[PDB]
Amino acid sequence: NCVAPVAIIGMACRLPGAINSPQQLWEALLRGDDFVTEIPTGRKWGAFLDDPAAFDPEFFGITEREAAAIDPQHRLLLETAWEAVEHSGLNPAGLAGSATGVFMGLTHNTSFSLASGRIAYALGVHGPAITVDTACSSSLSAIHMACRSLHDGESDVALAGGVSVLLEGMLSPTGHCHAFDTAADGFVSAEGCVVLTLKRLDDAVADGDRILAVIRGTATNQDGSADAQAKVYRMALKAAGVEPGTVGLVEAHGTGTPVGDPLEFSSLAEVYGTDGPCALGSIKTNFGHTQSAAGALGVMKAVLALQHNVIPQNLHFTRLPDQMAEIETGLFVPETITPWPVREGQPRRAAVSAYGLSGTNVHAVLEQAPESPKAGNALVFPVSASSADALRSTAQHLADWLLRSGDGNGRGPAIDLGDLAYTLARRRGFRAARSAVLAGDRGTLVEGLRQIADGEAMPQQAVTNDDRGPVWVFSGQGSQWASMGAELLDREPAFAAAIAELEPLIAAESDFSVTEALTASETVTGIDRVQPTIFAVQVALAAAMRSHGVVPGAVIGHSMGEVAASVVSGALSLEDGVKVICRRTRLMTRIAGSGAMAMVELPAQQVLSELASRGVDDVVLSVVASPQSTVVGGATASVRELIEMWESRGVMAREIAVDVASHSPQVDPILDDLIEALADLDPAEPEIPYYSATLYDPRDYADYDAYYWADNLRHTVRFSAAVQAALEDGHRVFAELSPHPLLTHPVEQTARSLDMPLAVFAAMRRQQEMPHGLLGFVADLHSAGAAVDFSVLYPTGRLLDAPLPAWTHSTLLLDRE
């Protein structure tokens, strides 16, 4: 009523016995596992984490030395809190800048809430960052503060939890929390970490999150170990606005102490158990007293108990204490797996409590989450981890998870691969070491994951952080091959649509069918046909990628490639692009067979010097695509003369087979007619960043008019300079849209010369088998870190609890202690 209802959209835990997830916890509670043991010989009873010092510092951008100096408590909160965010189905990168509050509890050794601050900084969120000492308060205090923070609106999302790490009200000499059993030995300390992800219910429902349960209300109180705590329950119930008779479960403090259990059982009897049997449980029978994590851990049990119909049994119980036995309470301790009491069409409700030594008593009232009621095509399954080793473990764990279900006597129904892909692609964060399996069924997906796990498939190290689209590289002539467009025309509707639109346009200009050329049993050959056909594929590829949610962050053209680059960037209409490429080639026909071109293995500046010192002016620099390779062009006799001069000197120089010696003086006699033919162009500003290989400065303003295309044909192809500029502006993923990669190596050579990292890919290659169209290409780009709007491929789907990525853990501890 009074306070706003809070939805629990996600939760994570790091607990003894390698229980590192809600599902693992649920199964453990059903088996009735006792995690209390003797003291380990690594550091009389207690439940301990396998390695509380384990941490993945590089993932958070911290050095090993600093991480070693950081409190192990803080490190556990960081990783556990991160898991709680991803378990909510939230890409943690998406939280940046949001009003996300952080409320953590721990034991401290002029107030600096550093532990919560680390989490806030790691997520790049703004909002309250509060820590609390659970010796000066309760372990539910953080969760209480989080709910009121949401209510007051100072937070829109809230991470709430606690952690306990043992560094060595009396104790149980047997070493067990016997609950409210007549045994009543005492309690036992324990380690653990739990974090809840909270959001206002109305926001959760609106944003379409998966609600685990609802916190209707909470309350805190000061006791100057008391019976007057009876009011604390009423305060919470009043804030929650619910009758206690409707509460069929109470995860009590359940310390198992002689003085506190009857005292607690007595105060609970006043409020709960009036009508119907209300279960009374304590997870401390399983995990002992996890201190600051006990409250959150208790909630996690209640939430899980609310989701399923069953209630997990308490351990170490046989008989109530004779003193508190004769009361007419419906309260009963579960000894086995007990179904949920009420069938009166009321949502299941539970309550949790936790009392501090200082007399701080906190109580919370919960309710179950609101109810909300062809095949064969391949899907992309993004899988990543902070390291190659971690990815192999991750792939293995996901594979086992898939194989665990899909079986009778297991989770009966098969895991929906459509929802899984949706989860991994849209409801998860992406990490450094990446892979992306392509599969249309479970079998091929498992095999794909095995290959990763067994070290057969190698991971891609992302070179950028999914913040920008890739660079489309448009190459020139010479990539064509027989029936190069055939398979994509059948497999990529967007590719076929783009070609279908181009078909009549190119026909009107050049009088031939581009579709026919792309499906012919022989490679396209005619001067009139080759470049327009290549241009068509390039535009079609870009359209197909856009239909998969991949838009370029920039474009770079090479010679004729600049035409498609101009269209894709929006500088020229589709119609004008056709006019340019078609009318160019029609005029270039007039000079076919004149002049020659040759590749020489020298830097452009050296070549330019030798041409000048030798008085050569009928041969010029035609292409500078790499810092160590140059193409010259001009008079046939002069070119072949230079080749021999270089060859005899030990320099590799090889003539290139070309119809037209473009980018040389040989194209002069058609430039005027070209300029006249392109008089009617209507260019616009490019919407995508465009690095020109025509202009003497790749960042300069391009007009894309008649004179620009004249210069594009006549002047040097400065591809290397354009790639350099793109790298300087932060672009890292380069992908060639063409029938076959002609420029991927030149790009690499340019990047290497500048000591610049990058990832280069090819959309198509000669005789490539493409049964899944360009989805493999999409997968590779994402794995490199290129931005991909996965809402296109996966507009809708259900959130699945696929295992969270394995961490890259290294044991970090300060010496001498």
# chains A, B, ... in the order shown; residues from 1 in each chain; ligands from 1
$ residues_around --residues "segment 722-724 of chain A" --least-positions-apart "5" --cutoff "6 Å" --atoms "only C-alpha atoms" --output "compact mmCIF listing (two decimals) with C-alpha atoms, in the first residue's frame"
# COMPACT_ATOMS: atom_id res chain seq x y z
CA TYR A 691 37.16 8.42 -46.82
CA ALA A 693 40.82 7.72 -52.33
CA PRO A 698 40.85 11.59 -47.68
$ residues_around --residues "residue 727 of chain A" --least-positions-apart "6" --cutoff "9 Å" --atoms "only C-alpha atoms" --output "VMD selection string"
chain A and resid 751 754 756 to 758
$ residues_around --residues "residue 340 of chain A" --least-positions-apart "2" --cutoff "8 Å" --atoms "only C-alpha atoms" --output "PDB file with C-alpha atoms, in the first residue's frame"
ATOM      1  CA  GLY A 248       2.335 -19.382   3.856  1.00  0.00           C
ATOM      2  CA  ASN A 309       5.255 -24.923  -5.932  1.00  0.00           C
ATOM      3  CA  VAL A 310       7.377 -26.949  -3.511  1.00  0.00           C
ATOM      4  CA  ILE A 311       9.092 -25.794  -0.310  1.00  0.00           C
ATOM      5  CA  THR A 338       6.279 -29.917   1.239  1.00  0.00           C
ATOM      6  CA  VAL A 342      -3.155 -22.358   0.061  1.00  0.00           C
ATOM      7  CA  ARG A 348       1.957 -17.223  -2.750  1.00  0.00           C
TER       8      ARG A 348
END
$ residues_around --residues "segment 592-601 of chain A" --least-positions-apart "3" --cutoff "8 Å" --atoms "only C-alpha atoms" --output "short mmCIF file (atom, residue, chain, number, x, y, z; two decimals) with N, CA, C and O atoms, in the first residue's frame"
data_model
loop_
_atom_site.label_atom_id
_atom_site.label_comp_id
_atom_site.auth_asym_id
_atom_site.auth_seq_id
_atom_site.Cartn_x
_atom_site.Cartn_y
_atom_site.Cartn_z
N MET A 588 34.90 4.04 -71.46
CA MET A 588 36.18 3.36 -71.28
C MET A 588 36.39 2.31 -72.38
O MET A 588 37.52 1.96 -72.70
N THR A 589 35.28 1.83 -72.95
CA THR A 589 35.34 0.90 -74.07
C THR A 589 36.15 1.49 -75.21
O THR A 589 36.85 0.77 -75.93
N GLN A 628 54.18 -0.48 -49.14
CA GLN A 628 55.34 -1.13 -49.75
C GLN A 628 55.06 -1.66 -51.15
O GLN A 628 55.91 -2.30 -51.77
N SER A 629 53.86 -1.38 -51.66
CA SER A 629 53.47 -1.82 -53.00
C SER A 629 52.80 -0.69 -53.77
O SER A 629 51.93 0.00 -53.24
N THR A 630 53.21 -0.51 -55.02
CA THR A 630 52.70 0.57 -55.86
C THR A 630 52.35 0.07 -57.26
O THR A 630 53.05 -0.78 -57.82
N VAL A 631 51.27 0.61 -57.83
CA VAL A 631 50.89 0.31 -59.20
C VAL A 631 51.12 1.53 -60.09
O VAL A 631 50.64 2.63 -59.79
N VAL A 632 51.84 1.33 -61.18
CA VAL A 632 52.06 2.38 -62.17
C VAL A 632 51.22 2.10 -63.41
O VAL A 632 50.77 0.97 -63.61
N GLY A 633 51.02 3.12 -64.24
CA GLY A 633 50.21 2.98 -65.44
C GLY A 633 50.53 4.02 -66.49
O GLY A 633 50.92 5.14 -66.17
N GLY A 634 50.37 3.64 -67.75
CA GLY A 634 50.64 4.53 -68.86
C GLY A 634 50.98 3.79 -70.14
O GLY A 634 50.45 2.72 -70.41
N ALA A 635 51.88 4.38 -70.93
CA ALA A 635 52.28 3.80 -72.21
C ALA A 635 52.87 2.41 -72.04
O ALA A 635 53.77 2.21 -71.22
N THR A 636 52.36 1.46 -72.81
CA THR A 636 52.76 0.06 -72.71
C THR A 636 54.27 -0.12 -72.77
O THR A 636 54.86 -0.80 -71.92
N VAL A 639 56.06 1.21 -69.67
CA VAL A 639 55.81 0.40 -68.48
C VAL A 639 56.69 -0.84 -68.48
O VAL A 639 57.36 -1.14 -67.49
N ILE A 643 59.67 -2.18 -65.98
CA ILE A 643 59.61 -3.49 -65.35
C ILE A 643 60.96 -4.20 -65.43
O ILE A 643 61.46 -4.71 -64.43
N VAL A 651 64.33 -6.01 -58.03
CA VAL A 651 63.02 -5.55 -57.55
C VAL A 651 61.90 -6.24 -58.32
O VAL A 651 61.90 -6.26 -59.55
N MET A 652 60.94 -6.81 -57.59
CA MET A 652 59.82 -7.49 -58.24
C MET A 652 58.89 -6.49 -58.91
O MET A 652 58.38 -5.57 -58.28
N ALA A 653 58.66 -6.70 -60.21
CA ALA A 653 57.76 -5.86 -60.99
C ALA A 653 57.02 -6.73 -62.00
O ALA A 653 57.64 -7.34 -62.86
N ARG A 654 55.70 -6.76 -61.89
CA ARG A 654 54.88 -7.63 -62.74
C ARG A 654 53.71 -6.88 -63.37
O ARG A 654 52.96 -6.18 -62.69
N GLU A 655 53.57 -7.05 -64.68
CA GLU A 655 52.50 -6.41 -65.43
C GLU A 655 51.14 -6.99 -65.03
O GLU A 655 51.03 -8.18 -64.75
N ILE A 656 50.13 -6.13 -65.02
CA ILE A 656 48.77 -6.53 -64.67
C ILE A 656 47.90 -6.58 -65.92
O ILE A 656 47.93 -5.66 -66.74
N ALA A 657 47.12 -7.65 -66.06
CA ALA A 657 46.20 -7.78 -67.18
C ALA A 657 45.00 -6.86 -66.98
O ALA A 657 44.22 -7.03 -66.04
N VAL A 658 44.85 -5.89 -67.87
CA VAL A 658 43.76 -4.92 -67.80
C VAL A 658 43.27 -4.55 -69.19
O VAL A 658 44.05 -4.44 -70.13
N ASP A 659 41.96 -4.35 -69.31
CA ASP A 659 41.38 -3.87 -70.55
C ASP A 659 41.75 -2.40 -70.75
O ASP A 659 42.17 -1.99 -71.83
N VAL A 660 41.61 -1.62 -69.67
CA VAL A 660 41.82 -0.18 -69.72
C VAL A 660 42.85 0.26 -68.68
O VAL A 660 42.75 -0.08 -67.51
N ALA A 661 43.85 1.02 -69.14
CA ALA A 661 44.87 1.55 -68.24
C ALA A 661 44.34 2.78 -67.52
O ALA A 661 44.74 3.91 -67.81
N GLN A 666 46.21 7.69 -70.23
CA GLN A 666 45.50 6.99 -71.30
C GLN A 666 43.99 7.25 -71.28
O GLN A 666 43.32 7.03 -72.29
#
$ residues_around --residues "segment 216-231 of chain A" --least-positions-apart "3" --cutoff "10 Å" --atoms "only C-alpha atoms" --output "ChimeraX atom specification"
/A:1-7,137-138,140-141,143-145,147-148,201,213,234-242,259-271,349,351-367
$ atom_distance --atom1 "atom CA of residue 53 of chain A" --atom2 "atom CA of residue 805 of chain A"
18.6 Å
$ residues_around --residues "residue 249 of chain A" --least-positions-apart "2" --cutoff "10 Å" --atoms "only C-alpha atoms" --output "MDAnalysis selection string"
chainID A and resid 246:247 251:252 272:273 277:281 302 305:306 311 331:333 340:341 348:352 366
$ atom_distance --atom1 "atom CA of residue 467 of chain A" --atom2 "atom CA of residue 491 of chain A"
28.9 Å
$ select_by_dssp --residues "segment 679-791 of chain A" --states "helix (DSSP H, G or I)" --output "VMD selection string"
chain A and resid 706 to 714 719 to 728 744 to 753 775 to 784 790 to 791
$ closest_residue --among "A:562, A:71, A:801, A:676" --to "residue 690 of chain A" --atoms "only C-alpha atoms"
A:562
$ select_by_dssp --residues "segment 739-802 of chain A" --states "strand (DSSP E or B)" --output "VMD selection string"
chain A and resid 759 to 762
$ residues_around --residues "residue 181 of chain A" --least-positions-apart "6" --cutoff "12 Å" --atoms "only C-alpha atoms" --output "list in words"
residues 254, 255, 256, 257, 258, 261, 262, 265, 280, 281, 282, 285, 314, 315, 316, 317, 318, 319, 320, 321, 322, 323, 324, 325, 332, 333, 334 and 335 of chain A
$ closest_atom_pairs --of "segment 31-149 of chain A" --to "segment 421-436 of chain A" --cutoff "10 Å" --atoms "only C-alpha atoms" --output "CSV"
residue,atom,partner,partner_atom,distance
A:59,CA,A:431,CA,8.3
A:82,CA,A:429,CA,9.8
A:85,CA,A:428,CA,9.0
A:86,CA,A:428,CA,5.7
A:87,CA,A:428,CA,8.2
A:88,CA,A:427,CA,8.0
A:89,CA,A:427,CA,4.3
A:90,CA,A:427,CA,5.1
A:91,CA,A:429,CA,4.4
A:92,CA,A:429,CA,5.8
A:93,CA,A:429,CA,6.8
A:94,CA,A:429,CA,8.8
$ closest_residue --among "A:649, A:413, A:797, A:392" --to "residue 451 of chain A" --atoms "only C-alpha atoms"
A:392
$ atom_distance --atom1 "atom CA of residue 313 of chain A" --atom2 "atom CA of residue 21 of chain A"
19.5 Å
